[PDB]
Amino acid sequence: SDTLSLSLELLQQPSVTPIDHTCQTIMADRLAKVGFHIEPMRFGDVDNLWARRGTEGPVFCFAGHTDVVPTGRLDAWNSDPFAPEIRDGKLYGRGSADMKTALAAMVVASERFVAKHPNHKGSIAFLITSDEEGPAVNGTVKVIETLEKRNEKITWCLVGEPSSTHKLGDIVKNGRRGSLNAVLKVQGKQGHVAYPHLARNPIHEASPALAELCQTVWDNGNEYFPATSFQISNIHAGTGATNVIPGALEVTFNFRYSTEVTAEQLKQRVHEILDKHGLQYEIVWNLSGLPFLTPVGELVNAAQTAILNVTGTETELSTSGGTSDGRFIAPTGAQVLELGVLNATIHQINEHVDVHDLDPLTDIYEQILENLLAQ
């Protein structure tokens, strides 16, 4: 498996956001041999790669990221998350599902396509970033700004995120929910635990509020997007003293929202609920992504047949899960379709992908190139 060998080479590189750690160089050295023009684009602390073969349209673009989320408790892993290995037909490692195995399949699919169809039509491109998991202010969004300023348009963009639920290619995504980040800083007064009346405990004042936020119904979604969901990712207060009341509580939460609401409506109902609990605080809001939905066209049609031909599965469209760099590519007019491995273990400890899906995914990606650029 050429896909398995390239996957292991990428999975061994600790690439926690926004560190690339040679992943874009490993990919570039491979593409540079099959006629791709390598164009690195570093913005601040983020590395990006724009690789392209051909100068005419239509332009097909494989998109993806080399960064992975933090590993977490290292003693909770059955094997070093950056030491990939196979156990009972399962490749374990951070990035094994999200999404270094797809980066590899996209590269192998491309090499095999250029080999069988060297005089293909249009162009093939690779838009890779080292920050898709974090703030994402210096990743794909800045590469797109560069392409847009020089009138370089993408016709079809397949994002290799793990779109599958139960079996390979059972779900393909042409849109995604918005993402609204927040950092709530509830103010209290540092003092003695046995003299609470002389202090203000922020954990105590905020508990009923965070409890209400967790059970709050935001919207019921619609026929194109699932319902808006609220999730607290981090919460911190105290320095470790058992007899000291902490002076400040920091709560980090996020909203994956449908088109039934706007970032401004969520911001307003949240401040209303916090003020209702009479809290004193500061919030640093951050709109990480807008809800987006690209039209259903030939890319979706090429994927329905490629997926059906390789797995025998009838794919279904959805805007479920998180988001992707497709949110920064969609505004250019490119059709966006996300097709990848199972998302069952993404961001989890002992993240893994079934090895039997690596070759088929590569086959599916190669058939999408044939269905759009061969003829």
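Note that residue numbering follows the sequence shown and begins at 1.
When the two stretches 139 to 147 and 193 to 201 are set side by side, the higher mean Cα temperature factor goes to 193 to 201.
Higher mean CA temperature factor, per the PDB entry, when comparing 359 to 367 with 15 to 23: 359 to 367.
Across the residues 99, 235, 125, 284, the deposited record lists the maximum Cα B factor for 284. Which of 65, 347, 327, 30 has the largest Cα B-factor in the deposited entry comes down to 30. Looking at the C-alpha B-factors along this chain, the one for residue 39 belongs to the middle third. When all modelled residues of the chain are sorted by CA temperature factor, residue 253 is found within the lowest third. The entry lists a Cα temperature factor for residue 77 that places it in the highest third of the chain's modelled residues. The entry lists a Cα temperature factor for residue 331 that places it in the lowest third of the chain's modelled residues.
Ranked within its chain, residue 338 lands in the lowest third, by CA B factor from the PDB record.
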